[PDB]
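Naming follows writing order (A, B, C, D, E, F, G, H, I and J), and every chain is counted from residue 1.
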């Protein structure tokens, strides 16, 4: 006889307050990416990024995160 | 006899407040991406990004996230 | 006879307050990335980033995180 | 007969307050990355970053973290 | 007969207050990274960073951390 | 050339919570009021209360009040 | 050239919590008020209360108050 | 050339918590008030209270108050 | 050229906590007030209270108060 | 050229905690007040209280007070 009770309780908070957010300047000089290759052989669950240039501005009013995993294996 | 009870309880909060958000300038210089190759062989669940240039501005009023996974395997 | 009770309790807080956030300048000089290769053989759960240049500005009003994992194996 | 009770209790806080945050200047000179190779053989859960240049500005209003792991193995 | 009770209690705080944070200048001269190789053979849970140049400015309003691990093995 | 920008931001709150409010007894003994004169001569925006015996019970579930005035004169 | 920018930010709160409020007894003995004169001559914005016996019970669940005035004169 | 920037930030709070409030007894003995004159001559913004016997019970769950004034004169 | 920047930051608090507030007894003996004159001549912003017997019980769960004034004169 | 920067920062607090507040007895013997004159002549911003017998009980759960004044004159 096996009895398993799984009842975690979560009443947590992840929060923020901000009066004013601003005057943000993202102005990098432009750059160069040069990639030289001959043969590309990609097999079986392969993930790739080749030859990439990017500029990202991310300014959320709050970007709080809560990540939660629950796993029960019997 | 096996008895499994799975009843997690979640009353959490992920929140934010922002008075004012703004005056955000994304003005990078333009760049260059150059990719040279000959043979591209991509097989079996392969994901790729080749030769890419991008500019992303992301300014949510709040971009809070809650990610939750529940898995029970018997 | 096996009896397992799993009932962790979480009433925690991850929080922040900020009056004013701003006057942030991201203005790096542009750079160069040059990659030379011949043969790329990527197999079986391989992840890669080759030849990459990037500029990221990340200014959340608060970016608090709560990461939680619960695992029960029987 | 085996009886296991797992009931940890967490009422903790991770918090911060900041009056004013700002006047942050990220202005590095541009640099160069040059990578020369011939054969790239990547197999079985391999993760790589080759030939990379980056500039990151990260200025959260608070970026407090709480990381928690709960594992019960029977 | 085995009876195990696991009930740790945590009411701790990790906190900070800061009146004013600012006037931070990150302005390194640009540098150079040059890597020369021929054969790259990476197998079985291998993680690598080759040929890398980076500039990171990290200025949180508070970046307090609480890391906690709970493990019970029977 | 005159430019006036009036853009105040208000995300405030005035609030209350009360579990239970009650068993309030207003039972003053009766009294007497006597006012005597020969002539009343009232002119030009006169406000008056003469000879009064009022009994008032005021028990709101909350009587939170917010008064806000915005005036711009040019 | 005159430029006026008026942009105050208010994320404040006035609040209260009360578990239980009660068993309040207002039971003053009755009294007497006597006011005598021959003539009342009131002119130009006169406000008056003459000869009064008031009994007031005021028991709000919270009577939190916020008064805010913003005035810009040019 | 005149530039005026008025941008105060307020993230303050006025608060209270009370478990239980009560068993308040207002039971003054009744008294007497006698006021006598022959003539009242009131002019130009006169405010007055003459001959009074008031009994006031004021028991808020919280009577927290916040008064704020912002004035800009040019 | 005149530049005025007014940007004060307020993250303050005025607060109180009280477990229990009560068993307050206001039971003064009744008294007497007698005021006599022949003429009252009040002019130009006169404020007065003549002949009074007031009984006041004031028992807030908290009567925390915050008064703030901001004045900019140019 | 005149540049004035007014940016004070306030992260202060005025607070109190009280376990229990009570058993307060206000029971003065009744008394008498007699005021006599023939004429009252009050002019131009006169504030007065004549002939009074007040009984006041004031028992807040906390009556913490914060008064703040900011004045900039140019």
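Quick note on the criterion: a contact is a pair of C-beta atoms (placed from the backbone, for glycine too) under 8 Å apart; a residue touches a chain by one contact, two chains touch by 3 or more.
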Interface residue overlap between copies subunit I and subunit J, same or different (over half shared): same
From the options A-C, A-D or A-B, the pair that copies H-J, where over half of the contact pairs coincide: A-D
Pair of chains joined by more contacts [C-beta pairs], A-D or C-I: A-D
Mean-CA-position distance for subunit J and subunit E (Å): 53
Between subunit B and subunit J, centroid-to-centroid distance (C-alpha), Å: 56
Chain centre separation in whole Å, for subunit D relative to subunit C (CA means): 5
Residues within subunit F bordering two or more other chains: 9, 11, 16, 18, 21, 23, 28-29, 31, 35, 62-63
Set of all touching chain pairs, with the criterion as stated earlier: A-B, A-C, A-D, A-G, A-H, B-C, B-F, B-G, C-D, C-E, C-H, C-I, D-E, D-I, D-J, E-J, F-G, F-H, G-H, G-I, H-I, H-J, I-J
Complex contact set, residues of subunit H against subunit F: 22, 30, 51, 53, 55, 60-62
For the subunit E and subunit J complex, residues of the former touching the latter: 17, 19-20
Footprint of subunit I on subunit H - complex, ascending: 1-74
Contact footprint of subunit A on subunit G as seen in their complex: 9, 11
Complex contacts: residues of subunit H adjacent to subunit J: 16, 18, 21, 23, 28-29, 31, 35, 62-63
